[PDB]
Amino acid sequence: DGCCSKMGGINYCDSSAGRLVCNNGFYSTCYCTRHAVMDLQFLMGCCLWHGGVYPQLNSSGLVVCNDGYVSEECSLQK
Amino acid sequence: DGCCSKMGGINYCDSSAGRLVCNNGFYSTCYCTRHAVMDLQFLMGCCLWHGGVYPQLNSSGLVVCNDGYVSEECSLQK
Amino acid sequence: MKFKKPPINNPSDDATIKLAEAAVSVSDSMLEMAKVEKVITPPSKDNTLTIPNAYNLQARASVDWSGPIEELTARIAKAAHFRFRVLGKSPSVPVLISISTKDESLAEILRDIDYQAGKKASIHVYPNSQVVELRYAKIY
Amino acid sequence: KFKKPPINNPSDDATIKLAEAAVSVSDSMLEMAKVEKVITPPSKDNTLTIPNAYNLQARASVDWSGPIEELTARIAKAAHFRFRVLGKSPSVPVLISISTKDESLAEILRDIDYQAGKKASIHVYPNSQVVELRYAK
Amino acid sequence: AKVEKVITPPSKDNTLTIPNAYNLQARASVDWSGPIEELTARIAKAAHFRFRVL
Amino acid sequence: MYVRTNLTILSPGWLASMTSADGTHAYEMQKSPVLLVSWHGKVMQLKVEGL
Amino acid sequence: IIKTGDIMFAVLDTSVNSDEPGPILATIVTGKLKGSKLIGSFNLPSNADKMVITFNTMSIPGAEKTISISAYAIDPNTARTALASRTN
Amino acid sequence: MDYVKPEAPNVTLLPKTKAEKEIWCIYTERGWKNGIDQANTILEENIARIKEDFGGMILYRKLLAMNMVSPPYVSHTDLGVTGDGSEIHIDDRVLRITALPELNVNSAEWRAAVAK
Amino acid sequence: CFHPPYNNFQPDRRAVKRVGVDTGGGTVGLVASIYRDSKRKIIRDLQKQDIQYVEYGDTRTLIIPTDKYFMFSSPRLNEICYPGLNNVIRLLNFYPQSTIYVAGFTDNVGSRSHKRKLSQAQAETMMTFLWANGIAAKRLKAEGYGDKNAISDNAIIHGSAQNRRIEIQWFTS
Amino acid sequence: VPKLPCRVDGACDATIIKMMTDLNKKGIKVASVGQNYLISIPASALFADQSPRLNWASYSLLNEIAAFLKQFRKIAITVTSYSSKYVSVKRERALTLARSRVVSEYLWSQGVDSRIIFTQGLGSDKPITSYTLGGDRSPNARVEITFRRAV
Amino acid sequence: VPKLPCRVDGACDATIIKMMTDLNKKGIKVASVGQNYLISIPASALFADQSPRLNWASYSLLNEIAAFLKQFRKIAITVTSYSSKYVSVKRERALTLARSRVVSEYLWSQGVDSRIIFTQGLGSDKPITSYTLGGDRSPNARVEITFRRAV
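Residues numbered from 1 in each chain as written, not as in the entry; some residues may be left out. Chains lettered and ligands numbered in written order. Part of a larger assembly, values for the part shown. Heavy atoms only, no water.

Method of determination, as given in the entry header: cryo-EM; reported resolution: 4.6 Å.

For chain J, the PDB entry supplies the name Inner membrane lipoprotein YiaD and the organism Legionella pneumophila.

Per the PDB entry, chain E goes by DotD and derives from Legionella pneumophila.

In structure tokens form, the structure reads like this:
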């Protein structure tokens, strides 16, 4: 909530940096744009390392990915 | 509103300049015709710098220009 | 004891940021193409000979013009008290020059103008007759 | 008492960058035009000079669009100069447009020569008051 | 990788070294793609050298 | 998928790629919800939804 | 294409009492069809608990056509079928 | 960018509770942010487009200096007085480009560059 | 009185006006005068302003922003931050034996010769102002470098704004 | 018509004649004839003795001069400087040239919407009187600006 | 987007500036230039007399400077040392090199997020003080660390 807290405050956001440039002359640790350097080390999503989940509406609970690989772990079991 | 204030009042509109002329000997500030030199630098409307808006109505929600361009800000979507 | 960093301004805008990030590459491309053009052709002559300086050219001028040549040159000759001469015929497509300078010599302004003209119009000055002549080029 | 700052000043970090970029591109195009423009010395120019005799000092308002031979014949008659030609007329004549409100005859002839270019020129001799129209080959 | 890697001795490197004549001490900013003859002739004229080919 | 960036992809493998004058890269490849790159010698994940 | 049983809006501006049947007009205000006008009628209920509008004849501007998609009315901001009027 | 300001707010279902008023407010704010992002996206694409055209023109000039592209060649045909007894044209000139620019295949005519 | 053009390069007597308007007390005027000419209050004033002063080791350095202290693309000087200039000369009057170095720096964009000439001109007019303030020329060295050594980065707009600078260095003896 | 300007912004004739009367009671002469207008200013309130360096108090005077100037519409503004005979011709011409350059530069720094600015000085070539008693105290040592209201 | 962290993990600017002010009051040199930061420590608070043996209580200060360095993102840190001349040149060169090795090894054991740690040692090659009476008690007996806060 407080990015340039105990400082001069927010001056602006540089989208060249994707960062909150404070009123004091230092970049904050907060980002503003999604086009910034967020170090991503864990994610979400099923049918990963594939073409994604195949978008057909299968009547059975068995599911498959767009590459053809079966993601039975993401699918419900029987 | 008041154009020839603190003067002799408005004498007449000279259409050669398209401007008012007050009852003193000087040209006024306001104008009377649209065929004059106003510095119009802000505009409205869409499909500009193209053939204009398309006069035939669209069945869908999109809007095309007479050039063939699509005005996305003039186009509504969800 | 409060820390700071010196260069602080008004907050900027992202569109200006993207304009700057395009303009830096545009300027870099212009710089390298001008360098390679200068190498690939050696110049020999300058318009100092065609437009020599003389007296009453020291009255300075700062301009922002964005129209045709002839009205501007008429104002220049009026301020310079010199006679005006036109040669050739005006083409169908007008010649338009945008000049944004700051307080230069009239001779340097004129040399800038004929450099802007390139191979469409040319400028000559006869201080023996106190005249300035422009000429449209033979073309097509 | 108060000295104001410039009004539309580049007070922003993006604006100063845009301004110096504008200076850079203008300087680049300026030196491109400098290295590309080709001129000739004013001694090697092949243009007709001004004999500045008293018969050429008359003034006129002349608008014309057509041939040149009858035009310079009328000019020589107005100047009380004899006129002759030198060469043979081509099939398609050279048509010169003239529009002036007040001009003298010598610079009229100079712009006539400039419009003629390479296909023909004019010589004027003020010892015996004559003019000639010289064709090319 | 150490045992299966091959190398060459630095004494027997078949690369032409720098003769360090004073005409060879200039700087340039050059980008080029294509053949070799125009490049070597142009750098020879920049070096003010004579040129030959075998 | 067509991706314009300056980094180098690691995981999926691309059918074609192009290099600019400034070292920026373009990649033409198969679709994927995720990408893996090396930014500054450090590995990183990237997420793209709405395929 | 308008789906089977979706939602649209109109404005009623010309009033009538429920005595003699006749044409009544509304104007569609949002959505796909803009500037469209719809004429229809009403029905008489024997009980005084609600009142509804029979809208049948639609006109779309731009193209001079007349389709006859039939639709009824619901009370705005209550989402009910009643009419806001007096029953005494 | 085009600009047609809308000034016609119509409400489907009015907020009655403060919770639904608050979620209406924050979803309006998120839509405001989304419209901002879309405007930035369109501006950035147009920036890339005009920069592409400018780079293409300056690269044509630089490659013509590099002597890899033929210059265009255009002929002129001049005719004097023409027309019927009712219409005349004093001098007409018809200008027509006959040879479009193109790249060459012979590598030997390519002068390279140097710098100091 | 006082003149906003540098008081015509005259040594300002700040104490007499303060003690006059305080006696209109003498002791509180004297402690206010020593508080004003006290070096730490001058440093805090320069921190209130946008000018960076560093002391570490035998060297003391000053960093001056070209954008807030000059007109753009010109060796001419901004005429607003002259209280900063007066405090600069007031602080530099304390050390009359150190040799002085001044340097200019600019960003990465432009002609290389243009960058070098611009930085050289900025350093030369800054050292010219310092020489006019009273110090002789035997202690002065002005150098203008372009993008040789960047204190910041040019791929970020704020860093590129931070990049162009004026450096002042002086030793102890 | 509401989408069109009723009048040009930053323009009010009551304010025009108000600042005109204020300059008249100040003493700087304003001449209006046809549509070309001239402003004549003494140099003593602007500079020091025979010097191309301004005074600090003259900045508000220049500010209200520019306030008058931005009011009208123009294409070109011409400023000329005049002095008295002091030592030579060249020194005085250079002094007038420098004063004209300084005032033109500060006026361009101000937000006047001129397209052309011409600046020059003459020195003591065309005196407005034979009263050669004063130097910088003489009224002939002056600066005159000239322009024409367009359209 | 709620999955996207608003700030980077484990950071607060108030905490950063607070511990930086506390360390500067503790008496070690902290310098910020652009986005480059450099820290200097006197070696008398860190080692014994001209020996690469560590005071046991100084690991609390090492943990403090590790916690301060945890708040920044970087790739390369330069760790160097300076000292006085005692007997030779090679003695203090090896001593500074070994002390840099020790502090860099403990820092690499601790939570560094960088990629490259540089260890150099020069000893008494670049003195920064005219005062030279102290040995290890001189301020020139010191260690220092430079980096750039990147993006």
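1. Describing the sheet that holds strand 2 (residues 8–9) of chain F
Residues and elements named next belong to chain F. Spatial strand order, 2-5-6: three strands in an open sheet with antiparallel pairing. One side of each edge strand has no neighbouring strand; the edge strands of this open sheet are strand 2 and strand 6 (43–47). Note that strand 5 (residues 34–38) and strand 6 share five bridges and pair antiparallel. What sits directly across from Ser38, in strand 6, is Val43. (Pairing = 2+ DSSP bridges. Helix = DSSP H or I, 4+ residues; strand = E, 2+ residues; numbered from the N terminus.)

2. Concerning the arrangement of the chains
The highest contact count of any of the 21 pairs of chains in contact belongs to chains C and D. As for chain F relative to chain B, no contact occurs, and the smallest C-alpha gap between them is 15 Å. There is a gap between chain E and chain J: no contact, and a shortest C-alpha distance of 40 Å. (Contact = heavy atoms within 4.5 Å.)

3. Details of the sheet that holds strand 3 (residues 76–82) of chain J
Neighbouring strands of a sheet are bound in pairs by backbone hydrogen bonds; such pairs are parallel or else antiparallel. Overall, mixed pairing links the seven strands, which are arranged 3(C)-1(C)-4(J)-3(J)-5(J)-2(J)-1(J) in an open sheet. Looking at which strands have only one partner, the edges of the open sheet turn out to be strand 3 (99–100) of chain C together with strand 1 (29–33) of chain J. Both strand 2 (residues 36–42) of chain J and strand 5 (residues 142–148) of chain J contribute to a ladder of seven bridges, which runs antiparallel. Bridge pairing in strand 5 of chain J links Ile41 of chain J to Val143 of chain J. Helix 2 (residues 69–80) of chain C rests against strand 1 (60–65) of chain C together with strand 3 and strand 4 (116–123) of chain J of the sheet, and its axis sits at about 10 degrees to strand 4 of chain J. (Axes fitted to C-alpha atoms, helices over the stretch in contact; angles between N-to-C directions.)

4. Some remarks on the nonpolar core
All names here are of chain J. One finds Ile39, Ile41, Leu46, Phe68, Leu69 and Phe72 to be the most contacted residues of the largest nonpolar core, which totals 28 residues. Those elements giving two or more residues to this core turn out to be helix 1 (13–26), strand 2, helix 2 (58–69), strand 3, helix 3 (90–109) and strand 5. Every residue in contact with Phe72, bar those within four places of it in the chain, is listed here: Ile16, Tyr37, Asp113, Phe147 and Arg149. (Core = buried A, V, L, I, M, F, W, Y, C linked by side-chain atoms within 4.5 Å. Buried < 20%, exposed > 50% of the residue type's maximum accessible area, 1.4 Å probe, protein only.)

5. Remarks on the packing of helix 1 (residues 14–40) of chain C against helix 1 (residues 13–36) of chain D
In contact at an axis separation of 9 Å, helix 1 of chain C and helix 1 of chain D are set at 20 degrees when each is read in the N-to-C sense. Relative to helix 1 of chain D, the element helix 1 of chain C lies roughly parallel. By crossing handedness, the relation of helix 1 of chain C to helix 1 of chain D is classed as left-handed. Note on element contacts: helix 1 of chain D touches helix 1 of chain C through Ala14, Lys17, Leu18, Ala21, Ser24, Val25, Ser28, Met29, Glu31, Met32 and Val35 of chain D, opposite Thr16, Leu19, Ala20, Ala23, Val24, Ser27, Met30, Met33, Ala34, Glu37 and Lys38 of chain C. (Parallel < 35°, antiparallel > 145°, perpendicular 65-115°, else oblique. Left-handed = near helix turned anticlockwise from the far one by under 90°.)

6. Considerations on unusual backbone geometry
Within the chain, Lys6 of chain B stands out as a residue other than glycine whose phi angle is a positive 55 degrees. The topology assignment puts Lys6 of chain B in the segment before strand 1 (10–14). Taking the relative accessible area as the measure of exposure, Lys6 of chain B reaches 65% and is therefore exposed. Not every positive phi belongs to a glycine, and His48 of chain E is a case in point at roughly 55 degrees. Relative to the assigned elements, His48 of chain E resides in the segment after helix 1 (37–47). Looking at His48 of chain E, the relative accessible area reads 68%, which means it is exposed.

7. Notes on the state of the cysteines
In protein structure, a disulfide is the covalent linkage between the sulfur atoms of two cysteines. Residue and element names in this part refer to chain B. What the rule picks out here adds up to 10 disulfides over all chains. In this model, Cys3 is linked to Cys30 through a disulfide, with the two sulfur atoms separated by 2.0 Å. In this structure the cystine formed by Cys3 and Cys30 twists about its S-S bond by roughly -95 degrees; its chirality is therefore left-handed. Placement of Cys3 in the segment before strand 1 and of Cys30 in strand 3 (residues 27–31) is noted, with a sequence separation of 27 residues between them. Across the disulfide, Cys47 is cross-linked to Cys65 (sulfur-sulfur distance 2.0 Å). Residues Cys47 and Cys65 are joined through a disulfide that is left-handed, its torsion about the S-S bond being -85 degrees. Here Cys65 lies in the segment after strand 3 and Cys47 lies in the segment after strand 3, a separation of 18 residues in the sequence. Its relative accessible area of 2% is what places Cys65 among the buried residues. (Disulfide = S-S within 2.5 Å.)

8. Examining a nonpolar patch on the surface
Taken together, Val93, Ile139 and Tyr140 of chain C together with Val74, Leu95, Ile97 and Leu100 of chain H make up a surface patch of nonpolar side chains, about 690 Å² in accessible area. Owing to a relative accessible area of 38%, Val74 of chain H belongs among the partly exposed residues under this scheme. (Patch = residues over 30% accessible without salt bridge, like charges linked within 9 Å, V, L, I, M, F, W, Y side chains within 5 Å. Areas by Shrake-Rupley, 256 points an atom, 1.4 Å probe, with all protein chains shown as cover. Salt bridge = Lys/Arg side-chain N within 4 Å of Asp/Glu carboxyl O.)

9. What to know about a positive patch on the surface
There is a patch of like positive charges on the surface, built from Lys2 of chain C together with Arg40, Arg44 and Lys48 of chain I. Note on placement: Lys2 of chain C falls in the segment before helix 1. (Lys, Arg positive; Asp, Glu negative; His and termini not counted. Charge placed at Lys NZ, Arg CZ, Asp CG, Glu CD.)

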